[PDB]
Each structure stands twice: as structure tokens, then as C-alpha cells.
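Per the deposited numbering, the sequence shown runs over residues 1102 to 1132, 1134 to 1209, 1212 to 1267, 1269 to 1369, 1373 to 1421, 1425 to 1446, 1456 to 1466.
Yeah, the Cβ is synthetic: ideal placement off N, Cα and C, and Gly gets one too.
To start, the structure under review is shown below, and the notes come after it.
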Amino acid sequence: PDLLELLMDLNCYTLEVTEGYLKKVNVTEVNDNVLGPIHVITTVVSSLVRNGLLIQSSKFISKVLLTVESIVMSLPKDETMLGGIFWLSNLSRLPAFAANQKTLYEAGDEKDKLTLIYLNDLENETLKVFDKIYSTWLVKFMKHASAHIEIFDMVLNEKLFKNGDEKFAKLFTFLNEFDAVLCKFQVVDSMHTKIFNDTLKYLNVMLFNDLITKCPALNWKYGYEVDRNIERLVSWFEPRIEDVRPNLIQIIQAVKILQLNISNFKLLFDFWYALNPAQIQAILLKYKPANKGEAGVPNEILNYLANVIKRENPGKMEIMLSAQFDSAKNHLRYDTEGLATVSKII
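Spelled out as C-alpha cells, the structure:
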């Protein structure tokens, strides 16, 4: 009918969506409104698929994903959190949408094998883009949030080991707003959870890298104080997700090592992989006795470690950490103008 004719004018309804709706949405005025992008998007695709216009759907989705990625990439530092969550929440439903569409073309009725293949792919691909955008935004978001909430001075700075009620209060208040926005913008439960687990994974990297670079003196007492802070921070996460600490295993082991002994080790490291020989050295080469004029790291031990390093130095070793996140795969379970509307009415 007049629908098919409408649906074939690709360039026109694609431009309405990316330029007239998407690139304009203001997250500050969003609230409802949250799932507006996904609604518009799935409305068009659902119609296109129902009518066999697969290359069209492909074209439309491709342009839409480039637009959303660009918007998020160019988000202003003061909107990185609201905007990143808003958009990812929306894009987070594409895979579930794709999967659900498949039920309409399986079985009952005739099986449109090609459409299934199209949908199956739509799901795999929208997940690939969601992952790429997610990872990039989480690192950026957390890079700025760590600075603003002063995590290093709150957790690792020794000459500041006297207070941390001032800062931790602010941290918990940052986490509360974070959690609230993920709620308000309807991020799915599993995705919500994953976001906190990954947030901790980022902090693991940041805390560990900083410990090795901005902390000159380390000792048993440094371990007790730092551990006490890690628990303070982990407490907020404890009730909200399961398995909090494993996300912080490098900073935690590093700290447990400091609360050490003096007498030979060989059995507790010759097989250690939570932290590698070169990383344990980096920690222990910063050892400065707490009590002025006290014991340090037995050179024979520091020596065994030094020896184990040299032998398989393979082609490298690696001390610094880098944040890497798993695919949101098993975590994404769920349930305008002219042309854009004219479609929505048929």
C-alpha cells in the first residue's frame, strides 16, 4: 500500500531519526522520555522487517548506531554520566528486541529463514556496538569520577591516613546518585549489576597502578590502613552485588602482601598468579620500615624474587594493569515527525 512506498524512502526517515530526533534529544530534559530513542528505533525496524525491507533495516540500523556512538563520544564532561547511561540504557534493549522479533518468524505459521538470519545477526551486531560504546564510556566516566571524588587521596595517600569520614561520605554520595540514575533511566537489573562489578574492576586497575607509582613508602602499617579503606569502599557495594572483592583482587593481594613476614615465601609465590613476580617486586622495592630503625625485606628473599623474574622474561612480563570488561552478553535479558509517525500509524 502507501506504507511500503513510505518505508522505501530510506534516506528520509533515517534523517528524521538521526538528525531531527536523536542528535537533538537533551538528556538534561529527559525523564516517560527515557526509552524514547529505543521506541522510535524499534518501531521503524519492526515495520521494515514485517515488510521484507531487510537491506533497508540494515542501512537504518547502521546509521543509527553510528549516530548514537558519535553523540556519546562527544558528550560534554558534565553530561558523561547522565548521557552515557541514558543512551546505553536505550541501546541495551536492541539485542532483546531482535531476539523477540524472531518469535514472529519461527513457528503455527511459515518459517521465513532469511528474516531469522537477519534478526540473529541484528542481535549479534547491536551487542558488538553496545559493548564497544559501553567499554569506552565506562573508562572515561570512571577516569573523571575518580579525580572528582579524589579516590587516591581517600584510599592510598599515607600522609593523609587521618580523618576518611570527610571523603568517604562524598564517595558514598557519588555512588548513590550513580545508582539512582541507573534506576531512573531503567537500566536492566543484570546490566545494573554488571556496571557495578565493572566499576570495581576499573578501581582495581586505578588503585593498583597508583599504588606502584604515587606511593614511595610501603610497610605493614600501610597495609592495615589501606585495607581499612578498601573495606569502607567495598561496604557500599557488598549489599548491592555478590562477589565484590574478586573484582579488586590485585589491589587487595598487593595490600595483604604488605602485612608480611621476614622468614623465607618460596611456597607462597613460586606459583602466584593473582599478582605476578615482577609486580610483587615493584611492591616490595617500595618497602620502607614503619618503626624508625626496624626490619625490612630480607635481601635473600628480595633476591629469590629477583632471580625468578629473570628466566622467562617469552617476551615480556607486565606490571601495570589495564581495564578490560566482558561482553554484556548474558546480562542484557529483558522483556516524532512526518514519516516517522506516518509509519507508526500503520
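* Option nearest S1463 by Cα separation, candidates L1432, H1141, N1127 and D1134 -> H1141
* When burial is assigned at 16 or more other CB atoms within 10 Å of the CB, is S1159 buried or exposed? -> Under the 10 Å beta carbon count, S1159 is surrounded by 16 or more other beta carbons and is classified as buried.
* Asked: Does the segment 1158-1174 come close enough to the segment 1251-1266 to have 3 or more Cβ pairs within less than 8 Å?
  -> Between the segment 1158-1174 and the segment 1251-1266, the count of C-beta pairs closer than 8 Å stays below three; the two stretches do not touch.
* Helix or strand or just coil, what does DSSP make of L1260? -> coil
* Note down, in chain order, each residue of its chain lying with its Cβ closer than 6 Å to the Cβ of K1319, except the 5 sequence neighbours on either side. => none
* Is the Cβ-Cβ distance between residue 1484 and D1294 less than 9 Å? -> Since the first residue of the chain shown is 1102 and the last is 1466, residue 1484 is not available in this structure.
* Asked: To the nearest angstrom, how far is it from the Cα of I1391 to the Cα of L1137?
  -> In this structure, the CA atom of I1391 is about 47 Å from the CA atom of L1137.
* DSSP beta-bridge partners of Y1307 -> For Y1307, which the question treats as bridged, DSSP gives no partner whatsoever.
* Segment limits, alpha helix (DSSP H) that includes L1280 -> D1270 to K1289
* Out of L1184, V1118 and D1110, which has the shortest C-alpha to C-alpha gap to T1129? -> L1184
* Asked: Mind checking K1418: buried by the 16 CB within 10 Å criterion, or exposed?
  -> exposed
* Would you list the residues sitting across from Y1395 in a DSSP beta bridge? => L1323
* Asked: With C-beta atoms as the reference, is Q1364 less than 9 Å away from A1382?
  -> no
* For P1102, name the three-state secondary structure that DSSP assigns. => In the three-state reduction of the DSSP assignment, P1102 falls in the coil class.
* To do: Look at the alpha carbon of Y1238 and the alpha carbon of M1246, and state the distance between them as a whole number of angstroms.
  => C-alpha of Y1238 to C-alpha of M1246: approximately 12 Å in a straight line.
* Could you tell me if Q1203 is buried or exposed, where buried requires 16 or more neighbouring beta carbons within 10 angstroms of its beta carbon? => buried
* Between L1226 and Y1122, what straight-line distance do the alpha-carbon atoms span, to the nearest angstrom? -> 22 Å
* **Contact the segment 1148-1156 vs the segment 1212-1226: 3+ CB pairs below 8 Å** => yes
* What is the DSSP secondary structure of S1176, counted as helix, strand or coil? -> In the displayed model, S1176 falls within coil according to three-state DSSP, outside both helix and strand.
* Best match in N1441, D1437 and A1200 for proximity to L1220 [C-alpha to C-alpha] -> Of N1441, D1437 and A1200, the residue nearest in Cα terms is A1200.
* Asked: How long is the line joining the alpha carbons of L1105 and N1314, rounded to whole angstroms?
  -> 57 Å
* To do: Would you mind stating whether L1150 and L1108 have Cβ atoms separated by less than 9 Å?
  => yes
* Asked: Where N1441 and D1348 are concerned, what is the direct C-alpha to C-alpha distance, given to the nearest angstrom?
  -> 17 Å
* Asked: Which residue comes first and which comes last in the alpha helix (DSSP H) that contains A1434?
  -> Unbroken run through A1434: none, as it is neither H nor E.
* Are the beta-carbon atoms of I1335 and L1316 separated by less than 9 Å? -> No, the pair does not count as a contact, with Cβ atoms beyond the cut-off.
* Rounded distance between the beta-carbons of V1292 and residue 1530, thought under 8 Å -> Residue 1530 falls outside the range modelled here, since the chain spans only 1102 to 1466, and no answer is possible.
* Asked: If we ignore side chains and look at the alpha-carbon of each, how far apart do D1257 and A1249 end up?
  -> 13 Å
* Under the three-state reduction of DSSP, which class applies to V1233: helix, strand or coil? -> helix
* Asked: Would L1376 be called buried (16 or more neighbouring beta carbons within 10 Å of its own) or exposed?
  -> exposed
* **Sequence-distant residues of the same chain with beta carbon closer than 8 Å to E1330, five excluded per side** => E1262 and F1265
* Straight-line gap, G1426 to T1461 (C-alpha atoms, nearest Å) -> 59 Å
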